[PDB]
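In what follows, a structure is listed as structure tokens, so that the remarks can point back to it.
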Number of protein chains: 2
Amino acid sequence: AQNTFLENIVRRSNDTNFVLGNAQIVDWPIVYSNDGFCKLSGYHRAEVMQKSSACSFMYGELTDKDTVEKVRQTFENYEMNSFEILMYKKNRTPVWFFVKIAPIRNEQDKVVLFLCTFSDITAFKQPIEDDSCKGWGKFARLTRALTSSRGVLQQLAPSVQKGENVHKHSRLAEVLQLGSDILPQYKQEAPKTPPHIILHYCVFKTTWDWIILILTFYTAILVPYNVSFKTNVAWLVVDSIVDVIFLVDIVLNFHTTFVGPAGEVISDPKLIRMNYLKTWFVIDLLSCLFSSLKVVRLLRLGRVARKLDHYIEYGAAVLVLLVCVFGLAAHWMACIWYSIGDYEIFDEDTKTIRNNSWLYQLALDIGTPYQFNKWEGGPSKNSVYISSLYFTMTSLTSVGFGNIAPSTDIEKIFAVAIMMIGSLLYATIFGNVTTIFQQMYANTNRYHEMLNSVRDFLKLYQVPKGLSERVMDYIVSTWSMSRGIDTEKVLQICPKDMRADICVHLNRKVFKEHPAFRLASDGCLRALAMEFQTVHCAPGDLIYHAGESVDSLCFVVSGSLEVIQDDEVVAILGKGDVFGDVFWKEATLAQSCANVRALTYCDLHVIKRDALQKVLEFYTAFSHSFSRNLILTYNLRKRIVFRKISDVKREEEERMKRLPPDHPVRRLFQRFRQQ
Amino acid sequence: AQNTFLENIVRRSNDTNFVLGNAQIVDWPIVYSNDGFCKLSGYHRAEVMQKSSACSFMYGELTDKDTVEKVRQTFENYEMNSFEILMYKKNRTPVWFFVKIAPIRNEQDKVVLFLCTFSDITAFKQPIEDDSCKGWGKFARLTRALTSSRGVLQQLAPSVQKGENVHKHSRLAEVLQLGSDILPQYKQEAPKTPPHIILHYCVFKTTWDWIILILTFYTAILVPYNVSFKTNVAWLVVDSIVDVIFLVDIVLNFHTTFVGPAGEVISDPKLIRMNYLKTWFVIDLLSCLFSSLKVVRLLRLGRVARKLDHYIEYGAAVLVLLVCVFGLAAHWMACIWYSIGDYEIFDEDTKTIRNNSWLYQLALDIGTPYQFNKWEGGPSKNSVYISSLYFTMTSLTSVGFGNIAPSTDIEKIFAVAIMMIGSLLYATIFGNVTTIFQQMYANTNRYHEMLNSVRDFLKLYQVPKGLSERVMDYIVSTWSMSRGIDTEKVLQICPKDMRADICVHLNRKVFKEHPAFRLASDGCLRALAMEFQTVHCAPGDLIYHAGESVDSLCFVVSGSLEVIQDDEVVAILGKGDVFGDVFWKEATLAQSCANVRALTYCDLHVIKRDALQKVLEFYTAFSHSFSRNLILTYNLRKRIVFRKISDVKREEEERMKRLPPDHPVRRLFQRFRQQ
């Protein structure tokens, strides 16, 4: 989803110059000029912009003012038109421009821009000079001006005569077909392929690829079973059905889109055809095709290579893939095993059984042995396939019972083959199970490693039982709350815009509730929220000590706090209360008067003095509003004088009961008088 | 454990306004006012706080002073009362407040706060104005004041008449029931559920979940054994016993607490019932329930899913879980194997044995074959279960001996099934063993990797044998001491309060023993200990070179040091000796006069000059005490002049033995005279 506005214009353009103006701003200021307009006008892009889209700076005394009034009327009524006006350049040469002005709509169908396309009718109108070396020189300057039409586009004209109307019609007809083609509408819309070209990540294409994965699995089950065991007519019916489906997939893989390394999407049918024909098309056509060649239908699962990169990333998905590959290879080498047994049981022209094959031993094991009439069969075909899959499963699972077990020469060659293949299939199943378990236990074991390091540290340094239980409680609580998420790292992945917007959403509990912040600009809100820090505190986990530096005013967005000065609660802070020190007015660091113990699990939103002062020095219009609207709930700097009632009572009891010292004492008293 | 003091008040309150005062501070200063009191009083929270809890700022000339004296008596005797007083607002409107004053106890049952709850009796007393637009306007202002009672709570009153006493009784009876309900006592107590609701992490509930895990294991062993092998009356007795226990678990899972993603605990019985009925209750009731349905008692181990998240994290615990799951699945598919053999041995109505099944081959193997009378049995039922568990264990362990080995059609279908299941069970056992070994060898192999990098570095850069052995000795010694604990990282996990308190405990060996630090404030102690660095040194591993910058005064908290100036020991530093340079008085960096070699394994506690100067500039009252009480044991800055006895002896021997040079020499001499 993008707004590919300019790219459409320069794609359809073929070297035509244009500028864009506003359709809602008075005098219609130029917002964009392409480089060809900078070459044609003789100006920079900086001096062209914020001039009028009617090119008022190119007007002159030779310009007809009624054409100017028609152009301004065209801008006033928002209609497509075209005009031919003598306008000036930066070197003031009279140039007969062909303008083609067109409004540009919105997604909401409101006109928002004026696209005006430019060309030159200098050679086709007349030469006029205020002063020149020659009439020939004025003609030469006119031919050097009118270049993009005559020298490039209208090249079949100047051999022929009477070409003025024809060249004007060609140059205007390019823009006239563009008047329906380039209506680019200035919308951030989704990029589209031409129709009859289906998308790669489409829902229909995804379920189509899933049902063709199911059908490749179907054919890989059934085709070796058919060619090995030599079996109705509904099976040929569904064979024709799945062949039709695979040829429909041939057509769909011809018509689909594609992802390359540089091109994230592919839109062109010749591009997808050239990408198709090298790799995929020849093996898929070799699959989609006398009976002995039917094994090449096993190349159908070559297109499961396309699902390869869909599900090669996920560990459980590649485990499910390898379990299916294990069972499929079991069926394949079961069919190979039956083919070997059926070869070996009647490899002799003398019709001898040789008394030794897995087929004959399976028959003699289960009953119904072989006998001749002819040569009457022994075991059932379904029982033979069941036992053959059983044998191949015993050899692939490395179980190896040995009921069905190889006993002749090519049987043991195949046994060596299946065991060396099944070793590696069993190993790769074990490897993906181990990889699944390590990638599913890594985030647990790193947490347990951090926790064991902390427990060993607090055991080693003889930290007391209360403080160590406190630290361990904090660590398990913040892990259970945060789910092991480094919030700084998750912010660092994002760019600066998303980082600021995420931080504004995190500190919305301050910025929507405080009257100091209800006047904040959007940029000031970003610049504040990038320096805010949300701080969670446990009950009894105090924030400021007595005498600690108060460098951070905190907004209690959740929970409750108490302010203990001299063992006495002085202020309870609730939801949406601001404490700390008034930094912008104090301009000095002070020690905290009082402890700030936390009553409940509380969420504060602190902000350091240096960061807040940076933001308030940069947003000078906001800083006065902050100073006028942020009343601190509790100044931690100011000392609150009081008396305890118990001490006042005891002093009243003592007042009811009741110069050599004064000379080293009144001195100090006078010092306090000077204080 | 928290002190949910305000939340209880605003939960029971239903929009009643209140302030809190101190019960031990004279004049009873307001420590908290809710937002409704800010709306009612017409003030901010900042101007209300530190005023008296009797609302002295709202007194006026129309206020009766004897009601004031009764209120101050109520504050003096610490008793619950209620009063109706005309008090002023910020816009000085006379308001008939209903106060309800109540003391608030402690966990130690001492009164510590005054909660006074507020309401309006403005409409119910009288209109009185100093000046007004109208008596009707004064009535309108009174109706706008008395809002929270009449417009909201007392809404059944104003249709009826004679409602004054009734509305006053209702508004005071809310607070009168609250006078027993909200006695919130201001204690950091544990949060409690209502009784007959049992805790999640409780010790009784944990051992209950463990015995029900044991019983689910019991039923998963016995129920397939029963339904497969078709077995007294004490077994039905213990069946009824365990069914009673499972229904007791139904009741307990109805009445327990619960943990959600947002809610860490759940206290409500309707909440736990609604959480129960979707997922757990329907499958547990399907479990806790003609004989052919007994297999659904295997759904009892669905509640072992609840222990899932108790022990899915620990690697050895999930290995023990998977070993038990392996053995349990062995027993299950052993029962399935016996059921298949018992089906296949008499699948014929002709009572033929077919000469081929694992049961018949096991009978013919071990003796006592099958014979008919009727059809007399072969092997013992216990021997059949033993051999069936043996077969299923051979197929799950991928051993596959082949005594007992499948030979018929559905037997080999089951064999393929058990081998494909046992492959993945064997793989996941192998994966958890590999994960256990990697997470138990990671902290060893990262240490060996660091040590190998160091040995390769000291081999590569041709560092000499003595220095390389020294570095390697340091590295293995600090690993054996620290157990591989990044002390900076373990501090960084903690918040600022716990970080400071841990650092104060780490530097307690300085802060309890030094007379310079016995005057330190608590905040100054935190601000010092966050910048202290404990430094361990090896014997012969010197700290300061000759001429090195002395930017850190060190406290030798353990071990002994020697100070070598010019190959001569000048001072031995023992436990609790401070050396370095007197930074606050010097205010310049100097070179060290002498080497400071370490005698034993010593622990110093250094602190850099810049950090110490920051702390002493911020704690100006502490800095003078530090300067007066910290005598440096050895000034490393000052040069100590002396003479060696051997050189004095040799010079005495030479003194007993004994202008063209002076002109380039006496000049220098005079320079030294100007020095």
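Note that the numbers count up from 1, one per residue, in the order the chain is shown.
How was it done? The header gives electron microscopy, 3.7 Å.
Cβ atoms here come from the backbone N, Cα and C positions, even for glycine.
The domain 'PAS' annotation in Swiss-Prot covers B:2-82, and the record cites sequence analysis as its basis. Annotation comment: Swiss-Prot describes B:81-133 as domain 'PAC', evidence class sequence analysis. Taken from Swiss-Prot, the feature transmembrane segment applies to B:209-229, B:234-254, B:318-339, B:413-433. The annotation topological domain 'Cytoplasmic' is assigned in Swiss-Prot to B:255-275, B:309-317. Per Swiss-Prot, the feature N-linked glycosylation site maps to B:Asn355, B:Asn373. Residues or ranges marked as intramembrane segment in Swiss-Prot: B:384-405. Taken from Swiss-Prot, the feature motif 'Selectivity filter' covers B:398-403. The topological domain 'Extracellular' annotation in Swiss-Prot covers B:406-412.
Sequence-remote contacts of a segment are chain residues at least 6 beyond its ends whose Cβ falls under 8 Å from one of its Cβ atoms, and for the transmembrane segment (B:209-229) they are 242, 245-246, 249, 291-292, 294-295, 297-298, 300-301, 303-304, 306-307, 310, 324, 328, 331-332, 335-336, 338-339, 381, 384-385. Taking the glycosylation sites B:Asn355, B:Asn373 in turn and counting surrounding C-beta atoms within 10 angstroms, the largest count is reached at B:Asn355. Taking DSSP states H, G and I as helix and E and B as strand, the topological domain 'Extracellular' (B:406-412) has 4 helix, 0 strand, 3 coil. B:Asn373 (N-linked glycosylation site) sits 18 Å from B:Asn355 (N-linked glycosylation site), taking the C-alpha atoms as the reference points.
Tertiary neighbourhood of the topological domain 'Cytoplasmic' (B:255-275): same-chain residues 191, 193-194, 196-200, 205, selected by CB-CB distance under 8 Å and a gap of 6+ residues from either end.
Here the topological domain 'Cytoplasmic' (B:309-317) has long-range neighbours at 209, 432, 435-436, 439-440, meaning same-chain residues at least 6 beyond its ends whose C-beta is under 8 angstroms from one of its own.
Residues 340-341, 343-344, 354, 356-358, 361 of the same chain sit 6 or more residues outside the topological domain 'Extracellular' (B:406-412) yet have a Cβ under 8 Å from a Cβ within it. Residues in the domain 'PAC' (B:81-133) partition by DSSP class (helix H, G, I; strand E, B; coil) as 4 helix, 25 strand, 24 coil. Here the motif 'Selectivity filter' (B:398-403) is broken down by DSSP into helix, strand and coil counts: 0 helix, 0 strand, 6 coil.
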